[PDB]
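Shown here: protein.pdb, PDB, C-alpha atoms and all ligand atoms.
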```pdb
ATOM      1  CA  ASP S 441     143.686  44.264 172.005  1.00  0.00           C
ATOM      2  CA  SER S 442     143.715  45.661 168.465  1.00  0.00           C
ATOM      3  CA  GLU S 443     147.231  44.352 167.709  1.00  0.00           C
ATOM      4  CA  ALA S 444     146.964  40.661 168.595  1.00  0.00           C
ATOM      5  CA  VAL S 445     147.215  37.454 166.582  1.00  0.00           C
ATOM      6  CA  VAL S 446     143.824  37.059 164.907  1.00  0.00           C
ATOM      7  CA  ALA S 447     144.168  33.221 164.839  1.00  0.00           C
ATOM      8  CA  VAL S 448     142.900  32.914 161.259  1.00  0.00           C
ATOM      9  CA  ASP S 449     145.461  35.171 159.580  1.00  0.00           C
ATOM     10  CA  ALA S 450     148.237  32.976 160.976  1.00  0.00           C
ATOM     11  CA  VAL S 451     146.812  29.759 159.535  1.00  0.00           C
ATOM     12  CA  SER S 452     145.977  31.614 156.304  1.00  0.00           C
ATOM     13  CA  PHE S 453     149.589  32.816 156.121  1.00  0.00           C
ATOM     14  CA  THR S 454     150.849  29.265 156.653  1.00  0.00           C
ATOM     15  CA  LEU S 455     148.614  27.956 153.864  1.00  0.00           C
ATOM     16  CA  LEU S 456     149.752  30.805 151.596  1.00  0.00           C
ATOM     17  CA  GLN S 457     153.389  29.864 152.198  1.00  0.00           C
ATOM     18  CA  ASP S 458     152.553  26.210 151.472  1.00  0.00           C
ATOM     19  CA  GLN S 459     150.798  27.060 148.201  1.00  0.00           C
ATOM     20  CA  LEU S 460     153.578  29.429 147.134  1.00  0.00           C
ATOM     21  CA  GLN S 461     156.164  26.734 147.840  1.00  0.00           C
ATOM     22  CA  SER S 462     154.158  24.314 145.672  1.00  0.00           C
ATOM     23  CA  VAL S 463     153.767  26.692 142.712  1.00  0.00           C
ATOM     24  CA  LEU S 464     157.437  27.687 142.912  1.00  0.00           C
ATOM     25  CA  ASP S 465     158.422  24.015 143.002  1.00  0.00           C
ATOM     26  CA  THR S 466     156.455  23.213 139.829  1.00  0.00           C
ATOM     27  CA  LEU S 467     158.953  25.232 137.730  1.00  0.00           C
ATOM     28  CA  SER S 468     162.478  24.867 136.422  1.00  0.00           C
ATOM     29  CA  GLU S 469     165.249  24.914 139.004  1.00  0.00           C
ATOM     30  CA  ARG S 470     167.179  27.922 137.689  1.00  0.00           C
ATOM     31  CA  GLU S 471     164.041  30.047 137.306  1.00  0.00           C
ATOM     32  CA  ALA S 472     162.792  29.002 140.756  1.00  0.00           C
ATOM     33  CA  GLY S 473     166.125  29.879 142.352  1.00  0.00           C
ATOM     34  CA  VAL S 474     166.123  33.219 140.529  1.00  0.00           C
ATOM     35  CA  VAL S 475     162.610  34.041 141.793  1.00  0.00           C
ATOM     36  CA  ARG S 476     163.445  32.960 145.367  1.00  0.00           C
ATOM     37  CA  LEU S 477     166.644  35.007 145.460  1.00  0.00           C
ATOM     38  CA  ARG S 478     164.946  37.975 143.787  1.00  0.00           C
ATOM     39  CA  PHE S 479     162.014  38.226 146.185  1.00  0.00           C
ATOM     40  CA  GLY S 480     163.869  36.968 149.265  1.00  0.00           C
ATOM     41  CA  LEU S 481     161.823  33.838 149.893  1.00  0.00           C
ATOM     42  CA  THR S 482     164.859  31.826 151.010  1.00  0.00           C
ATOM     43  CA  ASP S 483     165.907  33.459 154.287  1.00  0.00           C
ATOM     44  CA  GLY S 484     164.085  36.795 154.295  1.00  0.00           C
ATOM     45  CA  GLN S 485     167.015  38.610 152.677  1.00  0.00           C
ATOM     46  CA  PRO S 486     166.312  39.903 149.152  1.00  0.00           C
ATOM     47  CA  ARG S 487     169.312  39.633 146.867  1.00  0.00           C
ATOM     48  CA  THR S 488     170.570  42.077 144.276  1.00  0.00           C
ATOM     49  CA  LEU S 489     170.420  41.475 140.532  1.00  0.00           C
ATOM     50  CA  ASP S 490     174.201  41.384 140.134  1.00  0.00           C
ATOM     51  CA  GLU S 491     174.387  39.125 143.199  1.00  0.00           C
ATOM     52  CA  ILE S 492     172.082  36.568 141.564  1.00  0.00           C
ATOM     53  CA  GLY S 493     174.021  36.946 138.314  1.00  0.00           C
ATOM     54  CA  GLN S 494     177.297  36.401 140.157  1.00  0.00           C
ATOM     55  CA  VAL S 495     176.125  33.280 141.983  1.00  0.00           C
ATOM     56  CA  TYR S 496     174.545  31.808 138.837  1.00  0.00           C
ATOM     57  CA  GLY S 497     177.338  32.718 136.416  1.00  0.00           C
ATOM     58  CA  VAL S 498     175.480  34.790 133.818  1.00  0.00           C
ATOM     59  CA  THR S 499     174.889  38.454 133.000  1.00  0.00           C
ATOM     60  CA  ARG S 500     172.380  40.782 134.615  1.00  0.00           C
ATOM     61  CA  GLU S 501     170.370  41.250 131.414  1.00  0.00           C
ATOM     62  CA  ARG S 502     170.082  37.472 131.064  1.00  0.00           C
ATOM     63  CA  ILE S 503     169.015  37.291 134.724  1.00  0.00           C
ATOM     64  CA  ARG S 504     166.336  39.956 134.323  1.00  0.00           C
ATOM     65  CA  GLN S 505     165.092  38.365 131.088  1.00  0.00           C
ATOM     66  CA  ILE S 506     164.776  34.990 132.840  1.00  0.00           C
ATOM     67  CA  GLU S 507     162.997  36.786 135.692  1.00  0.00           C
ATOM     68  CA  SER S 508     160.562  38.487 133.292  1.00  0.00           C
ATOM     69  CA  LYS S 509     159.794  35.194 131.534  1.00  0.00           C
ATOM     70  CA  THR S 510     159.285  33.418 134.862  1.00  0.00           C
ATOM     71  CA  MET S 511     157.035  36.218 136.093  1.00  0.00           C
ATOM     72  CA  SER S 512     154.963  35.777 132.944  1.00  0.00           C
ATOM     73  CA  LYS S 513     154.844  32.020 133.564  1.00  0.00           C
ATOM     74  CA  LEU S 514     153.591  32.557 137.106  1.00  0.00           C
ATOM     75  CA  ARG S 515     151.156  35.233 135.945  1.00  0.00           C
ATOM     76  CA  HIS S 516     149.608  32.712 133.556  1.00  0.00           C
ATOM     77  CA  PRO S 517     146.217  31.576 134.933  1.00  0.00           C
ATOM     78  CA  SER S 518     147.053  27.864 134.714  1.00  0.00           C
ATOM     79  CA  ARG S 519     149.547  28.292 137.520  1.00  0.00           C
ATOM     80  CA  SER S 520     147.909  31.413 138.913  1.00  0.00           C
ATOM     81  CA  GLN S 521     144.327  30.481 139.898  1.00  0.00           C
ATOM     82  CA  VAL S 522     145.072  28.782 143.232  1.00  0.00           C
ATOM     83  CA  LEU S 523     147.025  31.850 144.354  1.00  0.00           C
ATOM     84  CA  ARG S 524     144.540  34.264 142.763  1.00  0.00           C
ATOM     85  CA  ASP S 525     141.946  33.258 145.324  1.00  0.00           C
ATOM     86  CA  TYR S 526     144.275  34.105 148.243  1.00  0.00           C
ATOM     87  CA  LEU S 527     144.783  37.830 147.656  1.00  0.00           C
TER
ATOM     88  CA  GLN Q  13     132.303  26.762 140.360  1.00  0.00           C
ATOM     89  CA  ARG Q  14     133.238  27.013 136.673  1.00  0.00           C
ATOM     90  CA  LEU Q  15     136.930  26.351 137.411  1.00  0.00           C
ATOM     91  CA  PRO Q  16     137.198  22.742 136.040  1.00  0.00           C
ATOM     92  CA  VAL Q  17     135.379  23.957 132.905  1.00  0.00           C
ATOM     93  CA  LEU Q  18     138.111  26.552 132.389  1.00  0.00           C
ATOM     94  CA  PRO Q  19     140.395  25.187 129.641  1.00  0.00           C
ATOM     95  CA  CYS Q  20     143.488  27.071 130.799  1.00  0.00           C
ATOM     96  CA  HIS Q  21     144.203  25.074 133.964  1.00  0.00           C
ATOM     97  CA  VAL Q  22     142.635  21.713 133.118  1.00  0.00           C
ATOM     98  CA  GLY Q  23     145.920  19.849 132.655  1.00  0.00           C
ATOM     99  CA  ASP Q  24     149.655  20.370 132.955  1.00  0.00           C
ATOM    100  CA  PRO Q  25     150.597  24.077 132.814  1.00  0.00           C
ATOM    101  CA  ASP Q  26     154.037  23.459 131.316  1.00  0.00           C
ATOM    102  CA  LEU Q  27     152.428  22.524 127.979  1.00  0.00           C
ATOM    103  CA  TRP Q  28     151.494  26.095 127.131  1.00  0.00           C
ATOM    104  CA  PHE Q  29     155.093  27.311 126.818  1.00  0.00           C
ATOM    105  CA  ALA Q  30     156.523  24.426 124.790  1.00  0.00           C
ATOM    106  CA  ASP Q  31     158.969  25.701 122.182  1.00  0.00           C
ATOM    107  CA  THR Q  32     157.764  23.731 119.166  1.00  0.00           C
ATOM    108  CA  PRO Q  33     155.317  25.162 116.610  1.00  0.00           C
ATOM    109  CA  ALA Q  34     153.269  21.956 116.604  1.00  0.00           C
ATOM    110  CA  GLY Q  35     153.261  21.224 120.335  1.00  0.00           C
ATOM    111  CA  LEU Q  36     151.383  24.347 121.374  1.00  0.00           C
ATOM    112  CA  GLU Q  37     148.878  24.142 118.527  1.00  0.00           C
ATOM    113  CA  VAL Q  38     146.406  22.039 120.481  1.00  0.00           C
ATOM    114  CA  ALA Q  39     147.080  24.361 123.427  1.00  0.00           C
ATOM    115  CA  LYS Q  40     146.056  27.354 121.339  1.00  0.00           C
ATOM    116  CA  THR Q  41     142.981  25.641 119.909  1.00  0.00           C
ATOM    117  CA  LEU Q  42     142.030  24.223 123.309  1.00  0.00           C
ATOM    118  CA  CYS Q  43     140.990  27.722 124.303  1.00  0.00           C
ATOM    119  CA  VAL Q  44     138.401  27.691 121.503  1.00  0.00           C
ATOM    120  CA  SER Q  45     135.779  26.583 124.037  1.00  0.00           C
ATOM    121  CA  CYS Q  46     137.088  28.908 126.762  1.00  0.00           C
ATOM    122  CA  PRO Q  47     134.331  31.071 128.267  1.00  0.00           C
ATOM    123  CA  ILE Q  48     136.606  33.979 129.123  1.00  0.00           C
ATOM    124  CA  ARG Q  49     138.490  34.510 125.858  1.00  0.00           C
ATOM    125  CA  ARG Q  50     137.498  38.193 125.640  1.00  0.00           C
ATOM    126  CA  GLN Q  51     138.789  39.349 129.022  1.00  0.00           C
ATOM    127  CA  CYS Q  52     141.853  37.074 128.962  1.00  0.00           C
ATOM    128  CA  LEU Q  53     142.861  38.258 125.496  1.00  0.00           C
ATOM    129  CA  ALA Q  54     142.144  41.855 126.528  1.00  0.00           C
ATOM    130  CA  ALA Q  55     144.313  41.610 129.653  1.00  0.00           C
ATOM    131  CA  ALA Q  56     147.086  39.904 127.690  1.00  0.00           C
ATOM    132  CA  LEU Q  57     147.086  42.594 125.013  1.00  0.00           C
ATOM    133  CA  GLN Q  58     147.001  45.476 127.488  1.00  0.00           C
ATOM    134  CA  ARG Q  59     149.723  44.246 129.854  1.00  0.00           C
ATOM    135  CA  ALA Q  60     152.045  43.102 126.992  1.00  0.00           C
ATOM    136  CA  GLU Q  61     152.805  39.528 127.953  1.00  0.00           C
ATOM    137  CA  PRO Q  62     156.010  38.250 126.281  1.00  0.00           C
ATOM    138  CA  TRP Q  63     155.451  34.497 126.307  1.00  0.00           C
ATOM    139  CA  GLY Q  64     153.110  31.672 125.525  1.00  0.00           C
ATOM    140  CA  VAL Q  65     149.503  31.010 124.707  1.00  0.00           C
ATOM    141  CA  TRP Q  66     147.150  33.798 125.744  1.00  0.00           C
ATOM    142  CA  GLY Q  67     143.474  34.085 124.886  1.00  0.00           C
ATOM    143  CA  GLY Q  68     143.762  31.264 122.397  1.00  0.00           C
ATOM    144  CA  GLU Q  69     146.565  33.071 120.575  1.00  0.00           C
ATOM    145  CA  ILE Q  70     150.350  32.940 120.753  1.00  0.00           C
ATOM    146  CA  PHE Q  71     152.488  35.922 121.719  1.00  0.00           C
ATOM    147  CA  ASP Q  72     155.855  37.382 120.899  1.00  0.00           C
ATOM    148  CA  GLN Q  73     157.389  39.966 123.255  1.00  0.00           C
ATOM    149  CA  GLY Q  74     154.850  42.612 122.284  1.00  0.00           C
ATOM    150  CA  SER Q  75     152.228  41.402 119.838  1.00  0.00           C
ATOM    151  CA  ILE Q  76     150.508  38.450 118.174  1.00  0.00           C
ATOM    152  CA  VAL Q  77     152.140  36.207 115.586  1.00  0.00           C
ATOM    153  CA  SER Q  78     149.991  33.949 113.422  1.00  0.00           C
ATOM    154  CA  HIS Q  79     152.072  30.795 113.747  1.00  0.00           C
ATOM    155  CA  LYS Q  80     155.476  30.506 115.374  1.00  0.00           C
ATOM    156  CA  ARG Q  81     158.295  30.187 112.872  1.00  0.00           C
ATOM    157  CA  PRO Q  82     160.053  26.810 113.139  1.00  0.00           C
ATOM    158  CA  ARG Q  83     163.739  26.241 113.632  1.00  0.00           C
ATOM    159  CA  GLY Q  84     165.582  26.003 110.327  1.00  0.00           C
ATOM    160  CA  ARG Q  85     165.587  27.674 106.942  1.00  0.00           C
ATOM    161  CA  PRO Q  86     162.106  29.069 106.198  1.00  0.00           C
ATOM    162  CA  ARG Q  87     160.326  27.996 103.042  1.00  0.00           C
ATOM    163  CA  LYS Q  88     160.972  29.896  99.828  1.00  0.00           C
TER
HETATM  164  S1  LIG K   1     144.637  31.811 127.570  1.00  0.00           S
HETATM  165 FE1  LIG K   1     142.637  31.393 126.629  1.00  0.00          FE
HETATM  166  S2  LIG K   1     142.078  29.315 127.393  1.00  0.00           S
HETATM  167 FE2  LIG K   1     143.736  30.044 128.712  1.00  0.00          FE
HETATM  168  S3  LIG K   1     142.651  31.014 130.475  1.00  0.00           S
HETATM  169 FE3  LIG K   1     143.080  32.695 128.984  1.00  0.00          FE
HETATM  170  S4  LIG K   1     141.221  32.814 127.731  1.00  0.00           S
HETATM  171 FE4  LIG K   1     141.124  30.813 128.821  1.00  0.00          FE
END
```
Go ahead and render the structure in this file as structure tokens.
Ligand code: SF4
Amino acid sequence: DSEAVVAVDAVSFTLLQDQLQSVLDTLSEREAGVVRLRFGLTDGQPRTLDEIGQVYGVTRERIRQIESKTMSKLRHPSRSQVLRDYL
Amino acid sequence: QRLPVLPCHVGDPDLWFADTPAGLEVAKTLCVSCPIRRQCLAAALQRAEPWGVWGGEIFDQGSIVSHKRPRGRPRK
């Protein structure tokens, strides 16, 4: 059955979600909410840039600048090693 | 492996983006003993990182500044 649950990818996916929740929780609240709403980690629905800007009360260029800075912060190795081994 | 010897992720990661010129100075010089300064600095220069300490050097949005300019009137 070449399309079954491989029983180690499921537990690896659960540990990946746990580690991603940890690394996202070690940030600022506004940046973490922006990243979650941008990549759809809340409820599986990705949100638009103007939608995040509307619900957080700032402009879209401010939102995308905060997103770029937060993506740099996550790309930094100090936060990035424990997720670098997963991929 | 050599992970606890790696000076990037030894301590708190929020230090390396502190917005004071004197706070990040020990963060920049703490990568003096880093074993992977060449590849880290090379990746940081090629992918144009806009923030924080990278390869034992600070970064603006595109390039390398020597020391970050403090808040206030600069010295004549
Ligand atoms: S910024 Fe410097 S000290 Fe930090 S991981 Fe990269 S090379 Fe090592």
Quick check: residues of chain S within 8 Å of chain Q, only C-alpha atoms, returned as number ranges by chain. S: 509, 512-513, 517-519
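Distance check against ligand LIG 1 (chain K) using all atoms listed in the file: of Q:58, Q:14, Q:37, Q:68, the minimum falls on Q:68.
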So that all listed atoms of ligand LIG 1 (chain K) fit with 4 Å spare on each side, what axis-aligned box centre and edge lengths in Å, to one decimal, would you give as lines of an AutoDock Vina configuration file?
```
center_x = 142.9
center_y = 31.1
center_z = 128.6
size_x = 11.5
size_y = 11.5
size_z = 11.8
```
Applying the PyMOL selection byres (((chain S and resi 457-465) around 12) and not hetatm) to the file I just gave you, which residues come out? Please list them as an MDAnalysis selection string. (chainID S and resid 450:456 466:476 479 481:482 510:511 513:526) or (chainID Q and resid 25:26)
Just to confirm, what's the straight-line distance from atom CA of residue 492 of chain S to atom CA of residue 478 of chain S in Å (one decimal)? 7.6 Å
